[PDB]
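Just so you know, the sequence shown maps onto residues 702 to 733, 738 to 747, 754 to 867, 876 to 986, 996 to 1002, 1010 to 1015 in the entry's author numbering.
Positions of the beta carbon are idealized from the N, C-alpha and C atoms, including for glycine.
Input: a single structure, listed below in structure tokens.
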Amino acid sequence: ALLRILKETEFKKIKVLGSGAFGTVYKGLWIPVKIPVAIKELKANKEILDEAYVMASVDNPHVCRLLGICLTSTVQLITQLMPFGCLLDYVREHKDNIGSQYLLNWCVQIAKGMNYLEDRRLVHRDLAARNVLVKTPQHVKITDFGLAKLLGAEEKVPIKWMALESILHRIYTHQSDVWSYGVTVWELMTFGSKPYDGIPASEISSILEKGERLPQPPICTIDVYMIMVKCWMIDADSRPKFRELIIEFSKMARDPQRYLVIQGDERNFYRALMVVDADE
Ligand SMILES: COCCO/N=C/c1c(N)ncnc1Nc1ccc2c(cnn2Cc2cccc(F)c2)c1
């Protein structure tokens, strides 16, 4: 069964991870051996089970997969626990130990994961560094795709990560996801800064129309920054394609010190923070 129907007893919400944008995520154990899992708690659930199947049918090393679902009073989404937490918090905590090699590789990995979703005709709708998880320092994965639509994202909100056409018309495409990719990259390059910090969400569409964009990160060469800016063009068709982003950042990954200037570039443990891996 691709989307395993789990019984209220097979798993248990041990601790709390964090209050998300669509629900609360817990850390826990699952017994179909005990497997560490992330549990997100948000008769007509036939609708959900549909968009839920998609989330479980993805198979790419850069995209999290939904492993199970529990349909009771509430819907609980069960996935494999990523021990290092989300990338946003990761870069914030290692702001002085993250080299250009890692930063570029993550951009490549996020780009591959996004290209994979585009091949499945799945618009994420909420890509951001907080929705990129760290399996290990050299392996990151995209998560939380599809939930946005499954709750009326484009029905009658992460404004600062959204493309202009999404804010004004609720239009979501793989190209609006490219814009958010641009913002996600900005978050990594600034080591976790909040985009448009100190600017009211209501004024965002206004500043974007006037041509204003997030500033060039200190460590970025104009070449890296040019890619981000292209991702934020009003004309969605003119923005880079994830496929082109994979190739461009891969190229830069071969000569990192040339595209990112990080002083001393070359040269808390999530054990006490956070049985067999779901992968096992
Ligand atoms: C501020 O710091 C917060 C740190 O929280 N880290 C949390 C977390 C984690 N350390 N490991 C794994 N998942 C984590 N969250 C998380 C994110 C999305 C989720 C679930 C469960 N269901 N869904 C929907 C979904 C949609 C599409 C594909 C999927 F696989 C899952 C859990």
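Asked: In terms of alpha-carbon separation, which member of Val738, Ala859 and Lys860 lies closest to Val1011?; Found: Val738
Asked: Hey, would you say the C-beta of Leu858 is under 7 Å away from at least one heavy atom of ligand 1?; Found: yes
Asked: Assuming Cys818 is part of the beta strand (DSSP E), what are its boundary residues?; Found: From DSSP, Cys818 is part of no beta strand (DSSP E) but of the alpha helix (DSSP H) over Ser811 to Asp830.
Asked: Starting from the C-beta of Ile923, find all residues in its chain whose C-beta is less than 8 Å away, skip the five residues before and the five after it, and write them out in chain order.; Found: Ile878, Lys879, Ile886 and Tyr915
Asked: Could you tell me whether any non-hydrogen atom of ligand 1 is closer than 7 Å to the CB of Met825?; Found: no
Asked: Compute every distance between the C-beta of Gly863 and the non-hydrogen atoms of ligand 1, then say whether any falls below 7 Å.; Found: no
Asked: Suppose contacts are defined by Cβ-Cβ distances below 8 Å. Is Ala864 in contact with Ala955 by that definition?; Found: no
Asked: With a 10 Å radius around its C-beta and 16 neighbouring C-beta atoms as the bar for buried, classify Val717 as buried or exposed.; Found: exposed
Asked: So, for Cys818: in the same chain, excluding its five sequence neighbours on each side, which residues have a beta-carbon less than 6 Å away from its beta-carbon?; Found: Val904 and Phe968
Asked: Which whole-angstrom value is the C-beta distance of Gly724 and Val742, which I expect to be below 8 Å?; Found: About 15 Å separates the two Cβ atoms, so there is no contact after all.
Asked: Quick check on DSSP: helix, strand or coil for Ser969?; Found: helix
Asked: Helix, strand or coil: how does DSSP classify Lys852 here?; Found: strand
Asked: Roughly how many whole angstroms lie between the Cα atoms of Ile966 and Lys806?; Found: 26 Å
Asked: Is it buried or exposed for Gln976, if we count other Cβ within 10 angstroms and need 16 for buried?; Found: exposed
Asked: Would the beta-carbon of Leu703 be found less than 7 Å away from any heavy atom of ligand 1?; Found: no
Asked: Report the rounded CA-to-CA distance for residue 752 versus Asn816, giving the unit in angstroms.; Found: Between 747 and 754 in the chain the model has nothing, and residue 752 is one of the residues in that span.
Asked: Quick one: is the Cβ of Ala743 within less than 7 Å of any heavy atom of ligand 1?; Found: yes
Asked: Across which residues does DSSP place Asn771 in a beta bridge pair?; Found: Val774
Asked: Whole angstroms are fine: how far does the CA of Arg986 sit from the CA of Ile946?; Found: 27 Å
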